Amino acid sequence: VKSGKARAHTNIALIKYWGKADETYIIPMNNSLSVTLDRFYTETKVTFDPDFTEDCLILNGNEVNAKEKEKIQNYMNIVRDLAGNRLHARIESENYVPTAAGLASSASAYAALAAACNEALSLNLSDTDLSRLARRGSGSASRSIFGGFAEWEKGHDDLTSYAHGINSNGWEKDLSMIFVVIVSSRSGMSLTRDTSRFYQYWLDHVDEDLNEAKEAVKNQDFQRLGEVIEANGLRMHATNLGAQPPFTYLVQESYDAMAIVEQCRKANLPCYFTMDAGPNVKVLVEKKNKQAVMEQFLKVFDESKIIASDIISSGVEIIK
Amino acid sequence: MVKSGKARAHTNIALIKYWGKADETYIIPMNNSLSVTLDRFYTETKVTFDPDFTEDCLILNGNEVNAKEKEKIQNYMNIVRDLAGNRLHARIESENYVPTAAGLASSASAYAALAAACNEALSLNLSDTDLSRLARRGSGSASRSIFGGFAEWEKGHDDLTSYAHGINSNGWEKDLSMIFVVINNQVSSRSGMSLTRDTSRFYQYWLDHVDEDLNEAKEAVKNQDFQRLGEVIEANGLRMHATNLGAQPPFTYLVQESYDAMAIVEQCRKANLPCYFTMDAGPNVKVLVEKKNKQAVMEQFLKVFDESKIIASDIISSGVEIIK
Ligand SMILES: O=C(O)C[C@@](O)(CF)CCOP(=O)(O)OP(=O)(O)O
Ligand SMILES: O=C(O)C[C@@](O)(CF)CCOP(=O)(O)OP(=O)(O)O
């Protein structure tokens, strides 16, 4: 029997991945830039047994659903081909995330599975190839191989499409993210990629957004990073508005949280917001101002709905 | 002695959006717009000028308006007094036959009816152009209400040059209709567009496409090409709402139900009922459809929406009118 266990942390995209150039290999229409979070993660143990008939995934103690079981089986097929065996695996996975709060486990789940498999089957994959393996499960997972800032290079094929870690001289140690708890990303983004009247607008600005953001981290320039990523995040959501037919991930409460962020800026508490495939609002903020910003939120939201996390420096990690 | 006049003006809905002012004081817009004038919804406004009157008075649907609206209306009438070269104050009696509680706007038809009423009362002999200009000062969209069918508001660059005109459609307005999906709300158009215009990160994007949209739209009506019209106006409308998303801080007029309404429109398209939607400063979804499909399209909506929430109107051919 072959087993291994690993922990991967979720990451939030500051420059968004939204829309695939290639649905089967998960190659993106554009590069993305993300930060990896300390607080939320997945621990996954994988066990390969000559005895097993089909792949098993137990998550937080409970067997998973149809589509997920199928989603896992097709993914392990990839792992089997790569490793060169025919072993089925029993996967035991736990998400360390506030429950029923809508946090995406996608990135942390596949990065963790990829790394656990790597360990179990002794593949000694390089980070590049680990990121590649993770990508095949979920595009965002490619980034969770790394800590701090990470960039997913879109490439043009399976070999060239992967993430890498960005050294920012420890800037990530100065930063945090506040979550305000309030249609599938894969399904949402394919509709928008395929049909949206505003998608071209998204493509025309994404590289510049990205360049500006990467420059800002080179200078550890928070306001400048913050401004571009906020703009970029909003433009992603604009594209869904142009889909055929239109849709939104946002609700009034998301807008209320956004308004609170602008006010914090006016009161000289720099922070910037972004949203993914749901109404949750994430507030990038400097650690020094994290408590102050949270207080401003507490005036309006339940304390239980205001959850802060640091940015973790290290990457995916083997659990011995 | 006593000078009175009474007018009926119909509301209009924009297919190409006015959204954002170049001049807040005189209400000169950042771009041209194109609308259609609704047969079913209108305002009737009577104005009576009397030397004895010492202050303008406004009665709306039989009721006091309040010192706020009262003050606002007197400011507007000053414009009329300056225009007429008199100092006569007016008693204004107005009835809105517009589902305002249901969220439809009354300001376009209200200000158009008032402009026309004063012109009739005072015998100003204003051209439709000057009527449009007078209406515009009260509310931009009111400039278009002077006219029936398809109308366009030319933005101009000053108070003399910004006004609307009626577009001759070869009677195409008679083939069209508009379904209103009243959606459970619940930020003014003037204040909203101002925040967006001043502030929105996506406003330039709106500006870079509006003229092309408008030219395509007008070319579409020249040809009575309903699909060509519907497609561009629907994209225009959506782009207008995108800009709000970019404002500092962002906001939307749209709620989940609005999105549900758009979805049904798209199903209607796939199912051979051509129609297209647009939304204004509220979650209500308006559905441009050909008169011959009005009923079929309403029934698709009637599968999910309360019957009282689905209201259709034809498009009127004629413009603002003087009545008894
Ligand atoms: O994370 C980002 O860059 C942006 C988003 O989070 C915004 F919602 C999308 C994530 O995409 P994902 O869940 O990875 O899709 P998959 O490849 O189809 O599994
Ligand atoms: O009708 C349109 O062109 C589009 C809108 O309806 C979309 F909400 C805006 C109307 O603006 P309006 O109320 O006329 O503004 P005012 O000049 O500040 O009174």
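Chain letters run A, B, ... following the sequence lines, proteins first, then strands; residues in each count from 1. Start at 1 and go down the list; that is how both ligands and their atoms are numbered.
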(request) For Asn240(A) and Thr248(A), test the side chains for any donor-to-acceptor distance below 3.5 angstrom and give the result as yes or no. (result) no

(message) Take a 6.0 Å sphere around OH of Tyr259(B) and say whether it holds more than 12 heavy atoms from other residues, nucleotides or ligands.
(response) yes

(message) I want to confirm something. Looking only at heavy atoms, which of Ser191(B), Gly192(B), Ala142(B), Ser189(B) is nearest to atom 13 (O) of ligand 2?
(response) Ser189(B)

(request) Note the single closest protein heavy atom to atom 6 (O) of ligand 2, along with its residue, its atom name and the distance in Å. (result) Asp280(B) OD1, 3.4 Å

(request) Using distance alone, with no hydrogens and no angle criterion, decide if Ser142(A) and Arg132(A) have a side-chain donor and acceptor under 3.5 Å apart. (result) no

(request) Would you mind running through ligand 1 and noting each atom that sits below 4.0 Å from a heavy atom of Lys20(A)? (result) 16 (P), 17 (O), 18 (O)

(request) For atom 8 (F) of ligand 2, grab the closest protein heavy atom and report residue, atom and distance to one decimal in Å. (result) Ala281(B) N, 3.1 Å

(request) List every atom of ligand 2 that sits less than 4.0 Å from any heavy atom of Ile27(B), numbering the atoms from 1 in the order shown and giving each element. (result) 17 (O)

(request) Say whether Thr42(A) and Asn95(A), considering side chains only, have a donor N or O and an acceptor N or O under 3.5 Å apart. (result) yes

(message) Checking a contact table here: which protein heavy atom is nearest atom 12 (P) of ligand 1, and how many Å away?
(response) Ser185(A) OG, 3.6 Å

(message) Can you confirm, on distance only, whether ligand 1 has an N/O atom lying under 3.5 Å from any N/O atom belonging to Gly137(A)?
(response) no

(request) For atom OH of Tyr162(A), decide whether the heavy atoms of other residues, nucleotides or ligands shown that lie under 6.0 angstrom number more than 12. (result) no

(message) Show me which atoms of ligand 1 lie under 4.0 Å from any heavy atom of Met189(A).
(response) 11 (O), 15 (O)

(message) Please list the nearest protein heavy atom to atom 19 (O) of ligand 2 with its residue and the distance rounded to 0.1 Å.
(response) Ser139(B) OG, 2.6 Å

(request) Under 4.0 Å from a heavy atom of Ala13(A): give me the atoms of ligand 1 that qualify, with their elements. (result) 1 (O), 2 (C), 3 (O)

(request) Indicate whether the side chain of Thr37(B) and that of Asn12(B) have a donor and an acceptor atom separated by less than 3.5 Å. (result) no

(message) Donor-acceptor pair, distance only, cut-off 3.5 Å: does the side chain of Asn232(A) make one with the backbone of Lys16(A)?
(response) yes

(request) With atom 1 (O) of ligand 1 as the reference point, say which of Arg143(A), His237(A), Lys16(A) has the nearest heavy atom. (result) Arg143(A)

(message) Tell me the nearest of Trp19(B), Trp153(B), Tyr18(B) to atom 3 (O) of ligand 2, using heavy-atom distances.
(response) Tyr18(B)

(message) Testing the basics here: between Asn30(A) and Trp18(A), what is the closest heavy-atom pair and its distance to 0.1 Å?
(response) ND2-O, 4.0 Å

(request) Classify the side-chain pair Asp198(B)/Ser194(B) by whether it contains a donor and acceptor separated by less than 3.5 Å. (result) yes

(message) Heavy-atom contact check, 4.0 Å cutoff: does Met275(A) meet ligand 1?
(response) no

(message) If the cut-off is 4.0 Å to any non-hydrogen atom of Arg186(A), which atoms of ligand 1 fall inside it?
(response) 16 (P), 18 (O), 19 (O)

(message) Just to confirm my output: which protein heavy-atom neighbour is closest to atom 14 (O) of ligand 2, and how far is it?
(response) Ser141(B) OG, 2.8 Å

(request) Spell out, as yes or no, whether a donor-acceptor pair under 3.5 Å connects the side chain of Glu230(A) to the backbone of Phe273(A). (result) yes

